[PDB]
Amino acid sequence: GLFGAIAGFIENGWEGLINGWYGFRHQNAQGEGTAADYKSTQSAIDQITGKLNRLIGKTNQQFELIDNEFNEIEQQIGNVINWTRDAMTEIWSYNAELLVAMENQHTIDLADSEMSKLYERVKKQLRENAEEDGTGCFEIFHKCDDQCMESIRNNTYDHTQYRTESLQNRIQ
(Lines of atoms letter the chains of each structure in order from A and count residues from 1; the text may use other names and numbers.)
(Lines give C-alpha, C1' and ligand atoms only; values in the text may rest on other atoms or scores of the structure.)
Protein backbone atom coordinates (compact mmCIF):
# COMPACT_ATOMS: atom_id res chain seq x y z
CA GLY A 1 0.00 0.00 0.00
CA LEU A 2 0.97 3.66 0.42
CA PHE A 3 3.10 2.97 3.51
CA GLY A 4 5.37 0.19 2.25
CA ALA A 5 5.00 -2.33 5.09
CA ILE A 6 2.24 -4.87 4.31
CA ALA A 7 3.16 -6.39 0.93
CA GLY A 8 6.34 -4.27 1.01
CA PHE A 9 9.48 -4.58 3.15
CA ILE A 10 7.62 -7.18 5.23
CA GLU A 11 7.64 -10.17 2.83
CA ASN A 12 4.39 -11.86 3.92
CA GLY A 13 1.82 -12.34 6.67
CA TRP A 14 1.76 -14.90 9.46
CA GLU A 15 -1.07 -17.43 9.21
CA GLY A 16 -0.27 -18.57 12.78
CA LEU A 17 -1.18 -15.15 14.20
CA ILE A 18 -4.82 -16.05 14.92
CA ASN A 19 -4.77 -13.81 18.02
CA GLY A 20 -4.78 -10.41 16.22
CA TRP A 21 -4.06 -8.30 13.12
CA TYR A 22 -0.46 -7.34 13.96
CA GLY A 23 2.23 -8.80 16.20
CA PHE A 24 5.77 -9.57 17.31
CA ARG A 25 7.90 -12.64 16.61
CA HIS A 26 10.90 -12.85 18.93
CA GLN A 27 13.93 -15.15 18.74
CA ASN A 28 16.39 -15.66 21.60
CA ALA A 29 18.28 -18.39 23.52
CA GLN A 30 14.99 -19.73 24.93
CA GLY A 31 13.46 -20.23 21.46
CA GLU A 32 10.93 -18.35 19.32
CA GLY A 33 7.48 -17.04 20.26
CA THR A 34 4.66 -14.93 18.81
CA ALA A 35 2.35 -12.39 20.49
CA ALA A 36 -0.36 -10.09 19.10
CA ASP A 37 -0.42 -6.31 19.62
CA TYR A 38 -3.85 -5.28 20.97
CA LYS A 39 -3.48 -1.51 20.53
CA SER A 40 -2.59 -1.55 16.80
CA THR A 41 -5.12 -4.30 16.04
CA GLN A 42 -7.99 -2.61 17.88
CA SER A 43 -7.16 0.69 16.17
CA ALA A 44 -7.52 -0.96 12.75
CA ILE A 45 -10.73 -2.86 13.63
CA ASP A 46 -12.37 0.28 15.07
CA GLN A 47 -11.73 2.09 11.76
CA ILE A 48 -13.21 -0.74 9.67
CA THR A 49 -16.16 -0.83 12.11
CA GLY A 50 -16.48 2.92 11.44
CA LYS A 51 -16.92 2.23 7.73
CA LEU A 52 -19.55 -0.43 8.48
CA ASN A 53 -21.51 1.88 10.80
CA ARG A 54 -21.75 4.36 7.93
CA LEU A 55 -22.89 1.98 5.18
CA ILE A 56 -24.92 -0.68 7.01
CA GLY A 57 -28.32 -0.07 8.66
CA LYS A 58 -29.12 3.30 7.08
CA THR A 59 -32.60 4.82 7.22
CA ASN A 60 -33.81 4.86 3.61
CA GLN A 61 -36.48 7.28 2.38
CA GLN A 62 -39.91 6.16 1.17
CA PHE A 63 -40.91 5.81 -2.47
CA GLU A 64 -44.35 5.03 -3.88
CA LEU A 65 -45.57 3.40 -7.10
CA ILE A 66 -45.58 5.77 -10.07
CA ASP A 67 -46.49 3.21 -12.73
CA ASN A 68 -48.71 0.14 -13.02
CA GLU A 69 -47.88 -3.51 -13.77
CA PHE A 70 -51.50 -4.56 -14.32
CA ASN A 71 -52.75 -1.60 -16.33
CA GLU A 72 -50.21 0.17 -18.56
CA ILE A 73 -50.15 3.96 -18.02
CA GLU A 74 -50.24 6.54 -20.83
CA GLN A 75 -47.28 5.96 -23.15
CA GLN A 76 -45.67 9.41 -22.85
CA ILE A 77 -45.42 9.54 -19.03
CA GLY A 78 -44.44 5.85 -19.00
CA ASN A 79 -41.44 6.44 -21.27
CA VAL A 80 -40.29 9.41 -19.17
CA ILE A 81 -40.55 7.26 -16.02
CA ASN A 82 -38.55 4.46 -17.68
CA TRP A 83 -35.94 6.96 -18.88
CA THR A 84 -35.67 8.60 -15.42
CA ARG A 85 -35.50 5.35 -13.45
CA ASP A 86 -32.81 3.81 -15.67
CA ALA A 87 -30.72 6.99 -15.44
CA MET A 88 -31.07 6.81 -11.63
CA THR A 89 -29.96 3.18 -11.74
CA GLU A 90 -26.89 4.18 -13.79
CA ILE A 91 -25.93 6.90 -11.31
CA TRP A 92 -26.47 4.64 -8.30
CA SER A 93 -24.55 1.78 -9.92
CA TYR A 94 -21.70 4.21 -10.61
CA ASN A 95 -21.83 5.57 -7.04
CA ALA A 96 -21.88 2.11 -5.49
CA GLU A 97 -18.92 0.75 -7.46
CA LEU A 98 -16.83 3.88 -6.88
CA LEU A 99 -17.68 3.89 -3.17
CA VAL A 100 -16.47 0.32 -2.73
CA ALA A 101 -13.36 0.85 -4.88
CA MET A 102 -12.37 4.04 -3.06
CA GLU A 103 -13.12 2.66 0.41
CA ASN A 104 -11.14 -0.52 -0.26
CA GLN A 105 -8.11 1.46 -1.47
CA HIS A 106 -8.29 3.43 1.78
CA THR A 107 -8.81 0.32 3.94
CA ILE A 108 -5.72 -1.46 2.61
CA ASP A 109 -3.65 1.74 3.04
CA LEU A 110 -5.14 2.17 6.52
CA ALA A 111 -4.05 -1.35 7.53
CA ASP A 112 -0.59 -0.74 6.04
CA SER A 113 -0.41 2.53 7.98
CA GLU A 114 -1.10 0.80 11.30
CA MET A 115 1.67 -1.70 10.52
CA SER A 116 4.09 1.12 9.70
CA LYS A 117 3.16 3.01 12.89
CA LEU A 118 3.76 -0.06 15.08
CA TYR A 119 7.09 -0.84 13.42
CA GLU A 120 8.18 2.79 13.88
CA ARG A 121 7.07 2.72 17.54
CA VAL A 122 9.38 -0.22 18.26
CA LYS A 123 12.28 1.47 16.43
CA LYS A 124 11.99 4.66 18.53
CA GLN A 125 11.60 2.49 21.62
CA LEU A 126 14.74 0.42 20.99
CA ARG A 127 16.91 3.54 20.44
CA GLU A 128 20.58 2.59 19.86
CA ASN A 129 20.21 -0.97 21.18
CA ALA A 130 19.03 -2.42 17.86
CA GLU A 131 19.48 -2.27 14.09
CA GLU A 132 16.70 -2.86 11.59
CA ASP A 133 17.48 -5.62 9.08
CA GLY A 134 15.11 -4.41 6.35
CA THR A 135 12.71 -7.37 6.53
CA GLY A 136 10.74 -5.85 9.42
CA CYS A 137 12.99 -7.37 12.10
CA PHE A 138 15.12 -5.67 14.76
CA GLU A 139 18.52 -7.18 15.50
CA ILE A 140 18.93 -6.67 19.25
CA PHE A 141 22.60 -6.08 20.04
CA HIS A 142 22.32 -7.33 23.62
CA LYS A 143 20.80 -10.40 25.25
CA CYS A 144 17.04 -10.10 25.63
CA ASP A 145 15.24 -12.89 27.52
CA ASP A 146 11.48 -13.64 27.56
CA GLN A 147 10.86 -10.93 30.19
CA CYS A 148 12.99 -8.46 28.20
CA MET A 149 11.13 -9.34 24.99
CA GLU A 150 7.91 -8.87 26.98
CA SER A 151 9.03 -5.36 28.03
CA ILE A 152 9.40 -4.41 24.34
CA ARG A 153 5.86 -5.57 23.42
CA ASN A 154 4.56 -4.19 26.73
CA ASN A 155 6.28 -0.87 25.92
CA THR A 156 8.16 -0.87 29.25
CA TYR A 157 11.63 -1.42 27.75
CA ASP A 158 14.25 0.76 29.44
CA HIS A 159 16.95 1.29 26.81
CA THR A 160 19.42 2.70 29.36
CA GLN A 161 19.61 -0.71 31.06
CA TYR A 162 21.01 -2.34 27.91
CA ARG A 163 22.73 0.58 26.13
CA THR A 164 26.39 0.11 27.11
CA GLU A 165 26.42 -3.62 26.26
CA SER A 166 24.74 -3.08 22.89
CA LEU A 167 27.04 -0.23 21.84
CA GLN A 168 30.06 -2.48 22.47
CA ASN A 169 28.59 -5.19 20.24
CA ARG A 170 27.63 -2.75 17.46
CA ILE A 171 31.11 -1.23 17.26
CA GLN A 172 33.42 -4.26 17.70
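Quick note: we count residues from 1 along the sequence shown, nothing fancier.
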Stretch exceeding the other in mean C-alpha B-factor - 93-101, 68-76:
68-76
Per the entry, higher mean C-alpha B factor between 137-145 and 33-41
33-41
Which is it among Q125, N53, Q27, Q47: the one with the largest CA B-factor in the entry?
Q27
Can you tell me which of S113, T59, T107, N129 has the highest Cα temperature factor in the record?
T59
Based on the entry's values, in what third of the chain does the Cα temperature factor of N12 lie: lowest, middle or highest?
lowest
Within this chain's modelled residues, let me know which third the CA B factor of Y157 belongs to: lowest, middle or highest.
highest
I171 CA temperature factor, ranked by third within the chain:
highest
